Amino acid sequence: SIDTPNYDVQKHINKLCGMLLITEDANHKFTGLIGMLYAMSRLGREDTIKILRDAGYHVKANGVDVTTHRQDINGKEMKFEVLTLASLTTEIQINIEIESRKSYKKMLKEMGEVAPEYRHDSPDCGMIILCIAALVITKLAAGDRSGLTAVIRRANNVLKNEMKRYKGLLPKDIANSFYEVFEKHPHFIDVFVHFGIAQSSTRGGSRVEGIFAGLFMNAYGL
């Protein structure tokens, strides 16, 4: 059973990536998975399944819906928008949002107001996460995590502006999370490569879409 998010949940996954990105000392244990869910939501359900089935994988597609979860958090009943995912519990998704709200409160106090580029819902949050994946993909051939140092050094240079925008953009933690998903679920390698090849045809004014395209092309010999 594999979760196959469609276009309708793409914006929600982007916001979930953004929640991790605004979180100081974020627990990036699920970031590799969330990043891959974002890439699958860009491809859409039909293309994801085609990629997996064509690559010889036997996949039982799990539809991904946005639902409301009511939960008592510190005495008060709270409403949370979560995804129905076999790979990611409601609890984990809610804890990510709760932690992000604590970092948001801290930032709002220090800055006074939070400009668009510092927000968890900025349109480029999912692509920021996938830039780390584009670096990790170059180092998978070694069959070990030896390339981690080089991924961190490269991310600190290429994602300098994105790192100034987001306290949760911790290349070591995010890169290890991608190494983990690519090692545990090698079907995500195929999904990531097909996503990158399809993304190359994106023509727009997004800095991070441009950074991603450059990093993805570099994995091919630049």
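Definition used throughout: the rigid core is the maximal C-alpha set that superposes within 1.5 Å between two forms. Position 1 is the first residue in the sequence shown; the rest follow in order.
- In summary, of the stretches 9-17 and 204-212, 204-212 shows the greater Cα distance from the shown form in 5 other deposited structures of this protein, with structures fitted on the rigid core.
- Larger average C-alpha displacement in 5 other deposited structures of this protein, relative to the shown form after a rigid core fit, is seen for 110-118 when comparing 88-96 with 110-118.
- For residue 76, the record comparison shows coordinates absent in at least a third of the other entries of this protein that model its neighbours.
- Compared with the other entries of this protein, residue 144 is frequently left unbuilt, missing from a third or more of those that build its neighbours.
- Comparing 195-203 with 13-21, the higher mean C-alpha B-factor in the PDB entry belongs to 195-203.
- In this entry, the higher average B-factor at the C-alpha atoms falls on 85-93, of the pair 85-93 and 115-123.
- When all modelled residues of the chain are sorted by CA temperature factor, residue 151 is found within the middle third.
- Ranked within its chain, residue 2 lands in the highest third, by CA B factor from the PDB record.
- Among all modelled residues in this chain, the alpha-carbon of residue 35 has a temperature factor (C-alpha) in the lowest third.
- In the PDB entry, a CA B factor belonging to the middle third of its chain's modelled residues is recorded for residue 173.
- When the CA B factors of the chain's modelled residues are split into thirds, the value for residue 133 lands in the lowest one.
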